[PDB]
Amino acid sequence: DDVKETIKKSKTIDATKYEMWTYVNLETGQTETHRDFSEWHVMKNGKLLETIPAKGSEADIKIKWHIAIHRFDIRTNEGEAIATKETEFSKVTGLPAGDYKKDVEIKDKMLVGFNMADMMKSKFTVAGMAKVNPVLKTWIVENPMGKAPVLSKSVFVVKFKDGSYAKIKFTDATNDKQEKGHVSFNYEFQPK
């Protein structure tokens, strides 16, 4: 009558587009996809050349949400994370103590527009500002160009702004045709 039931589910997110974030509610399973909200910056010959106006805002997101995914970049909604040494959820007892890390801001670094014709002209587009979690980024050990990504086997724990938390184990970074950016994970979420 006073501890809410744990929500144990799997999800598959299409994060293939450089332009987009997918916002994920782990309590309800709802998702929403929106174009990145920053001012975009075209880099040409190693310097900031052109701007593309900022469009929309996070107020356009209707659902509550916990994590968001852009390609293999993972952020939280003002949350914090650790990578445990465990490989199985049953070995992570409760909310572990540890050195939890909040999301960081990265300037003119996250790709929002990328193709080979422009790359050969030394041109590509980045988010003016973006938020990414430096612990969750480690879910990928290696991502060699043209080749299979290598995933961490660690269980992550993420603490959310309402006091909830989840154990998360990532299982796939490609679909069954080996297309990169289809991100799958299992999780166990404790509601408050």
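Throughout, we count residues from 1 along the sequence that is shown.
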item	value
Between the two ranges 57-65 and 143-151, the one averaging a larger CA B factor in the entry	57-65
Greater mean Cα temperature factor according to the PDB record, 107-115 or 88-96	88-96
Top residue by Cα temperature factor, when 48, 157, 126, 132 are compared in the entry	48
Per the PDB entry, maximal CA B factor within 14, 19, 176, 172	176
B-factor third for the C-alpha atom of residue 161 within its chain	highest
Residue 121 CA temperature factor, ranked by third within the chain	highest
Third of the chain, ranked by Cα B-factor, where residue 35 sits	lowest
Among modelled residues of the same chain, the CA temperature factor third for residue 44	highest
